[PDB]
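Data first, discussion second: the structure below is written as structure tokens.
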Amino acid sequence: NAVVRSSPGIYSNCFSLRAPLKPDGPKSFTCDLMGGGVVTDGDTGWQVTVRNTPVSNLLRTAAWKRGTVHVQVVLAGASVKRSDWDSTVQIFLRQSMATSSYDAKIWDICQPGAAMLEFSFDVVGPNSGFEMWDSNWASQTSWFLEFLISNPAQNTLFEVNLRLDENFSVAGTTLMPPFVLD
Amino acid sequence: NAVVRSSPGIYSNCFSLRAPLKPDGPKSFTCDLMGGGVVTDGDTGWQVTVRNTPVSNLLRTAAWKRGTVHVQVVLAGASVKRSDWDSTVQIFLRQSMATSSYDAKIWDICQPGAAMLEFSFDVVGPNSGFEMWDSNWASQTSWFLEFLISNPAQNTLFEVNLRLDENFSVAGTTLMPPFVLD
Amino acid sequence: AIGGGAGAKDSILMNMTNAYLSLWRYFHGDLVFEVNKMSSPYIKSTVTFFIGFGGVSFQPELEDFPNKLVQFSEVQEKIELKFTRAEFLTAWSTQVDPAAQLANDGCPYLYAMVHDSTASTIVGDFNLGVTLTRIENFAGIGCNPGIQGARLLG
Amino acid sequence: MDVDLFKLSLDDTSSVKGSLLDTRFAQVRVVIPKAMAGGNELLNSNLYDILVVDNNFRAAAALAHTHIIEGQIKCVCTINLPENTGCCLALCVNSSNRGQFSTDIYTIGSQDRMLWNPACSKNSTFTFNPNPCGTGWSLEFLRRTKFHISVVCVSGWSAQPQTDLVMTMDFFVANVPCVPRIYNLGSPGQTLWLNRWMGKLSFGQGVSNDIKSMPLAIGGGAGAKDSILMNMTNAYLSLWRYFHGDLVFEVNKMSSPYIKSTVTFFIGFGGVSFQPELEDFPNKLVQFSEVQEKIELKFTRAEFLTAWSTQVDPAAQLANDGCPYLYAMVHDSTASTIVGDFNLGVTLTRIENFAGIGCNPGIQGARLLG
Amino acid sequence: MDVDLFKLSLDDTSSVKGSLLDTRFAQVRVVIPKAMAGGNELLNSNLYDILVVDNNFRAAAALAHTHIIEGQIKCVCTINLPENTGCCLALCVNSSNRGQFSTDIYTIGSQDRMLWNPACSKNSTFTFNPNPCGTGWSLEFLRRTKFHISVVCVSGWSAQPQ
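Here it is as structure tokens:
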């Protein structure tokens, strides 16, 4: 195997999810990378925490955003033998959760034990390149990351990390409820 | 598989750890990359040695440090079959060991037999970019590397190597007890 | 150490300026504060503002620091005072863990002490509002991984 | 009468300056015992721990309530002794401090040091910068960064005095601006300040054939009983594999001035056995007077053919060592009337024209000094 | 290293001078009671008896160890009150003092006096010379010549404060 080398920046952990203990079939969830919301398509038992890192606080409490965002996704599994791994993860980077829309990026990985991937996108908008979250002004939308799990009894932990680029810019303030600590 | 190519520098081995012979569950430890200290969260049986390489001697016996540090971590395992490997290693690059802080970088790897990874960080500070170790002057802190092992009966040896960049700088001297040879 | 937001009952309060400031690890510059009078003008006091460290216990020989004496008139409502960056030796951390002790905090403080007593005929109190408006000559150093929690205001 | 208090001059952020009477802030006296040996410490404490204890001078509160001071600290130690005795005192300052450190002369005498003999000098002064990476300091900075100071004895009494003495010193704020001294790793300068303690040379009386040697493979630190001693200059030098330049040594006299000798210093190789025809190398003759205390001698880089290794394994033989040595031999006998020995202290201060070659993987261990 | 200690600048006989932060040497606060009348004294003591008690400022030891000071003493009193009340405070200084003297406004308010009403002025300052027959003074001079100071109330409250 080759060496494990990642991006030379510093990534703040925003979302942290944990699958339920006793599942039955495939599970799925969705994370809002610009609004700070997680919707898990299923029942309870999902342990979902949204951290209070400064990148997540800046992406929540700002109105107009413009620039490149780097995402790093880390999938962690349980302690099972390498000859019995049968879990596959499908990742969809989308711009809306409506059925009429289309996925912007598609990944499909199956790595035993633990896996790591990374990508980046651009938040551009209609104002001067600036985009507000889910506004009805120019029918703007957010960025969504959807995860589909084939065997949730093998991979359990899901970590999403973010890092803003050096061309990022923000303007305006958005009033929000106070963030519950964890 | 692809070829195994690493960084073109020369890396000095600073820390060398060995797991105990008969474990029970998950084990964990933490290495201080700037102060030269290792704390193993558990009982005895851990064989921990801190080498007297010139990079470690310079990082210990200097007060004000500034520049880029390259780290290379090498994990070695025992002689077990490839169809029975079930050990996963989680690595956290942090800046403090307090519970209120957050991890700066997260890795999670599961490679049978032996694994190698590498990264780098920047020691910057408040003085003129210079940072002293664990001072109460500007509430400065060190850099910590935390290892969490899922199955310590498979991977045993842990080697941390360091290499200073060409933009590194030091100033001032720090009095310390004499270093015990090994 | 104004980064991280403001404290609340198992909660934090944020805005985009504090979130933008909390990206760096250290910051340095000369600070510009505005002091507003929020009480009746029949309640008068003289307040000395200075820059200190740690936790002091009101020594009377504390005005040996370069301090600013603020004494409001009746028509005077808001006063701008600027602490230059010759009062700060090095940069200091944007964020400090709130579970730390007073001796384990290296960031500077802004101290306000009454020079004389508070004199009035009504039964009110003397209220002031401090607002750090801008930071000139701003220099940000490093990158903040983040510290969970914030201290209470007032 | 009503004046505006906001227009008063209560915002003077200027540093303390003036004469030496208006700039002193601390004065500390230390007890030198009657019967002391070589190596024991007389004082070791943080500077804040002795700068605020019963020191109320003209610039004390002005120093305690100033945020930025832009002058280097000048220290003047005054202790005098007659010429029929002798010792050696070293005042060393450091930037930080850890738990249960070592009080060796090699460890503490790296950053800022003043080493003198009171039997030859009436008083000794030196200036230092508390912030090596900046151009300013404060009292809270010295409180928080744990700035250390230590007065140690590196060579005891040749003849004991009548009673135990007291050496006083007083700290000032000199009219010298603070400059930074930064050791860069990638692009080092043409002059590398080391101040490395090479060792102490003790020539006895009535000894015919004695010759001392000091290895120039100075990297790796100093040896100790299953231990090594380090500082940041030797750790910075031990990064390269080979080094080359012209060396500048300082020789101090640590004995009484009634013990006289003539010492020839030269550069050699391997292990010699005191041949009398050894002065055919270009050598320097050092002969101290009574007022003469310290002499600087510079070996130019025409004495060195190529570069040599910074670090040599201490388990190797004398024939298997290729680094040059510094040899000191007595030209004549050691003549005195007291029963003491002739002591010298060699310190490699700086290496001009410094050229570093390669990268050192490291060699565990170091040789003993003296 | 050997320097001559006789050529050092340890003989500076210059007076204290600079800004107002570098020239303050004493700061004394006095308690004005809630219900006071006209004529009672609030403070009467020698200047040395209050200038050396717990006053450690930037020019305190420099004033205590200077033989000749060639500057006049500037005093700034700061007390403010709203316009629905009023009194009158007098700070008077004298050159000497005898046994069991009188604390009348007519007696003490002759040499140097600052008389003001705090309901109309935010702060009041005045300058005086401790040596009326010379051009210099010192702290030992004020200690030995029994230089007196007194703050008295010459007109009480029109309306009492809280």
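Chains as they are written, first to last, in the authors' numbering: chain B, 378 to 559; chain B', 378 to 559; chain A, 217 to 370; chain A', 1 to 370; chain A'', 1 to 162. A prime marks a further copy of an entry chain. Heads up, the beta-carbon is just placed ideally off N, CA and C, and yes, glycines get one too.
Taking 9 Å as the threshold, the shortest C-beta distance from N544(B) to chain A does not fall below it. For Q205(A'), the closest of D321(A'), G340(A') and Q364(A') by C-alpha to C-alpha distance is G340(A'). For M232(A'), the uninterrupted alpha helix (DSSP H) run begins and ends at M232 to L237, by DSSP.
Each of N429(B), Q449(B) and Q488(B) was checked against the Cα of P555(B), and the nearest Cα belongs to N429(B). Straight-line spacing of the CA atoms in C408(B') and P431(B) works out to 26 Å. Within 9 Å of the CB of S238(A), the CB atoms of chain B belong to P431, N434 and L435, in sequence order along the chain. With fewer than three CB-CB distances shorter than 8 Å, the stretch 542-559 of chain B' does not count as touching the stretch 336-351 of chain A. Beta-bridge partners assigned by DSSP to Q317(A'): none are found. C-alpha of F172(A') to C-alpha of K482(B'): approximately 48 Å in a straight line. Rounded to whole angstroms, the separation of the alpha carbons of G38(A'') and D104(A'') is 10 Å. Neighbours of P314(A) in chain B, taken as residues at a C-beta separation under 7 Å, are lacking, since the least C-beta distance is about 11 Å. As DSSP reads the structure, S546(B) sits in a beta bridge with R443(B). Using a Cβ distance threshold of 9 Å, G219(A) and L237(A) count as a contacting pair. In this structure, the beta-carbon distance from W520(B') to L470(B') falls below 9 Å. Collapsing the DSSP output to three states places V3(A') in coil.
Comparing C-alpha distances from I387(B) to each of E536(B'), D480(B'), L435(B') and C487(B') shows the shortest one belongs to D480(B'). Near chain B, meaning a CB-to-CB distance below 7 Å, the residues of the stretch 219-251 of chain A are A224, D226, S227, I228, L229, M230, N231, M232, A235, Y236, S238 and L239.
Unbroken alpha helix (DSSP H) runs of no fewer than 4 residues, entirely contained in the stretch 17-70 of chain A', are found at 47-51 and 61-64, following chain order. When the beta-carbon positions are compared, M198(A') and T347(A') come within less than 9 Å of each other. Here the C-alpha atom of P385(B') lies approximately 14 Å from the C-alpha atom of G358(A'). Membership of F521(B') in the beta strand (DSSP E) is indicated by the continuous run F521 to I526. For the stretch 294-319 of chain A, the set of residues with a beta-carbon nearer than 7 Å to any beta-carbon of chain A'' is empty. DSSP places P215(A') inside the beta strand (DSSP E), whose first and last residues are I211 to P215.
When the alpha-carbon of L20(A') is set against those of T135(A'), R143(A') and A174(A'), the nearest one is in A174(A').
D461(B) carries a helical assignment under DSSP once its states are collapsed to helix, strand and coil. Contact of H65(A') with chain A'' by beta-carbon distance below 8 Å involves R58. Its chain contains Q72 as the residues whose beta carbon lies nearer than 7 Å to that of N129(A''), once the 5 sequence neighbours on both sides are disregarded; these appear in chain order. Spanning the alpha carbons of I259(A') and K294(A') requires a straight line of approximately 15 Å. In this structure, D485(B') sits near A491(B), with a CB-CB distance shorter than 9 Å. Not one beta carbon of chain A lies nearer than 9 Å to the beta carbon of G549(B'). Contact between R241(A') and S309(A') holds: CB atoms are separated by about 7 Å, below the 8 Å threshold. Boundaries cannot be given for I259(A), as no alpha helix (DSSP H) includes it and DSSP labels it neither H nor E. In its chain, beyond the 5 residues on either side, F265 and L297 have a beta carbon closer than 6 Å to the beta carbon of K284(A'). The count of Cβ pairs closer than 8 Å, one atom from the stretch 78-97 of chain A' and one from the stretch 81-91 of chain A'', stays below three, leaving the stretches out of contact. Listed along chain B' is no residue with a C-beta nearer than 8 Å to that of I526(B); the closest approach is about 16 Å. The beta carbon of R29(A') sits no closer than 9 Å to any beta carbon of chain A.
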